[PDB]
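First the structure, in the form of structure tokens, and then the observations on it.
Within every chain, numbering begins at 1; the chains are lettered A, B, ... in the order of the sequence lines, protein sequences first and strands thereafter.
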There are 2 protein chains.
Amino acid sequence: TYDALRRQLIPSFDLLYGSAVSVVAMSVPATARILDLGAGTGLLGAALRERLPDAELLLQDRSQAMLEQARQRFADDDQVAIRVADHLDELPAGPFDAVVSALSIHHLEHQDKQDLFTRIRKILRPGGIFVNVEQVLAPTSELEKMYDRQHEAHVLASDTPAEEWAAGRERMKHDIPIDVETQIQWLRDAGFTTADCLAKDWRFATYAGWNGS
Amino acid sequence: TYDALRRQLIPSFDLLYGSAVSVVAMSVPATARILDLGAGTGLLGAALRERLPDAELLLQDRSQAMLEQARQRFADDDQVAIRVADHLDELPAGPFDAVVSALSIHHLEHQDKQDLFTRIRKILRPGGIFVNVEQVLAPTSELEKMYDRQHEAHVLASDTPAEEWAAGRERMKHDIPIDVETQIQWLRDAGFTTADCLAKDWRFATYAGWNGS
Ligand SMILES: Nc1ncnc2c1ncn2[C@@H]1O[C@H](CSCC[C@H](N)C(=O)O)[C@@H](O)[C@H]1O
Ligand SMILES: Nc1ncnc2c1ncn2[C@@H]1O[C@H](CSCC[C@H](N)C(=O)O)[C@@H](O)[C@H]1O
């Protein structure tokens, strides 16, 4: 039921999640070591495992309640660990072929977003990839209003239980998002050699950066 | 026939054309004057008319055989004119509230792309909007290969008659695409106050610029 509600709250869910799965599957070996930052119930891990049965996934998140949902989903998988940690805590050593994230880093202050991309590159092997599926701000307040009408169109066409869209609205007034080109530039500053926006549906986008390639 | 085959050849058709319709509908009045550049059989114009029944449409294209198809689709539509004209020819005076384009400007050399953006802004009213649904090149040759596997992934999942993808591959030898951020910078250079990439699916992207807003 949780899986259906995310599809309802996020436009072009398949396109954007899928694009994170595909860019990782064309960047990394079948036996890659992957870190999922703020994995929550571990949906992005799920999509990755569906593509890459032989990959070793570390799921990390500050919320023990969210990771117990992840643990449930991955009950009978041997190649899946869990790590209780804040994004601002020392990252695991790795190294990792891939670090992936969905809808988490927009909860950090801008400066801590720049400090995280630099620390993520340190635990990435050469040729490794960083993939973010992210809530982005429009570049002007006029466009932000258009972004909002488009997100709200998708939610209502999806027949979202109102109680759940009202909650959605409230979680969103603590968010600290930014335009997708500011974030992508920060990848370049942190030293990723190549950074690109792969797919986008107004307020949501999949971007990636590569360490060497 | 034709309409189904475009859905087959073009990932995220509904998202990409749809985002062109929706950014125009939130940018211009119901009675806006719209120019469709390289309108072809005039599928973008159709989408726009479905959304804006009181808008005045001018469909322009160098190919008279394409515009014959457009004339057929708009047989019974009184607010629809046609203009046979090259992108390099003097644009109609207008003014227009919107100038829209789908899968045409990528056929120009890069400097004639920059020159067209500049001439297009001159025929737009203040606060008018330029929208391009476009074939874009990745920023690296390695990513270009990935964009190509994603476009080829959709075509085969869409059960495309091979004879038609064959043709597709050849027409693509005369294409002069460039990455989406270069093009969007050129809107800013040509004097649009705001430019943004709305939606994207690897090799296809919807972007826009605003003349004053
Ligand atoms: N500073 C921080 N450090 C670690 N995790 C954080 C965090 N701020 C938020 N989170 C976690 O980030 C998650 C964002 S919700 C999205 C979760 C999941 N990846 C999905 O896409 O469906 C939550 O589980 C939340 O607990
Ligand atoms: N230099 C040019 N001037 C005008 N139209 C051009 C052009 N180069 C290509 N075109 C036109 O651009 C079209 C490319 S196909 C895209 C057709 C239509 N816009 C759609 O959404 O499907 C063809 O109709 C072709 O004649």
Enumerate by number any residue of residues 20-39 of chain A whose heavy atoms lie under 4.5 Å from heavy atoms of chain B; in the absence of such residues, state 'none'. A:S22, A:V23, A:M26, A:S27
Do you know which of B:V99, B:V100, B:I105 makes side-chain contact (heavy atoms from CB on, under 4.5 Å) with B:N132? B:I105
Note: A:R7-A:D14 ion pair, threshold 4.0 Å (strictly below): yes
If we ignore angles and hydrogens, is there a donor and acceptor under 3.5 Å between the side chains of B:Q8 and B:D159? no
Chain B heavy atoms under 4.5 Å from A:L15: which part of the residue, side chain, backbone, both or neither? side chain
Between the side chain of B:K113 and the main-chain N/O of B:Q183, is any donor-acceptor distance below 3.5 Å? no
Other residues, nucleotides and ligands only: do more than 12 of their heavy atoms fall within 6.0 Å of CZ on B:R149? no
Checking heavy atoms, do the side chain of B:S12, its backbone, both or neither come under 4.5 Å from chain A? side chain
Keeping the roles fixed (side chain from B:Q79, backbone from B:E56), state whether a donor-acceptor pair exists under 3.5 Å. no
Looking only at A:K145, A:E181, A:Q150, most heavy-atom pairs under 4.5 Å shared with chain B are made by A:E181
Between A:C197, A:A205, A:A195, who has the most heavy-atom pairs with chain B when the cutoff is under 4.5 Å? A:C197
Could you check A:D196 against B:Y147 for side-chain hydrogen bond (donor to acceptor under 3.5 Å, both in side chains), going step by step and ending with a plain yes or no? CA-CA 11 Å; A:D196 191 32; B:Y147 276 44; 2.5 Å; yes
Residue-level interface, residues 114-124 of chain A with chain B, non-hydrogen cut-off under 4.5 Å: none
Walk me through it: do B:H154 and B:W202 pass the test ring pair (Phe, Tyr, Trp, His ring centres under 6.0 Å)? CA-CA 11 Å; B:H154 162 80; B:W202 300 77; over 10 Å; no
Most contact-rich option vs chain B, by heavy-atom pairs under 4.5 angstrom, among A:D179, A:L143, A:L16, A:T140, is A:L143
How far apart are the closest heavy atoms of A:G212 and A:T193, and which atoms are they? N-OG1, 3.0 Å
What I want to find out is whether B:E134 reaches B:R203 closely enough, with some N-O distance under 4.0 Å, to be called a salt bridge. no
Between B:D3 and B:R73, is the closest basic N to carboxylate O distance under 4.0 Å? yes
Under a 4.5 Å heavy-atom cut-off, does chain A meet the side chain of B:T194, its backbone, both or neither? side chain
Heavy atoms only: give me the nearest B:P177-B:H110 pair and the separation to one decimal. O-CE1, 3.4 Å
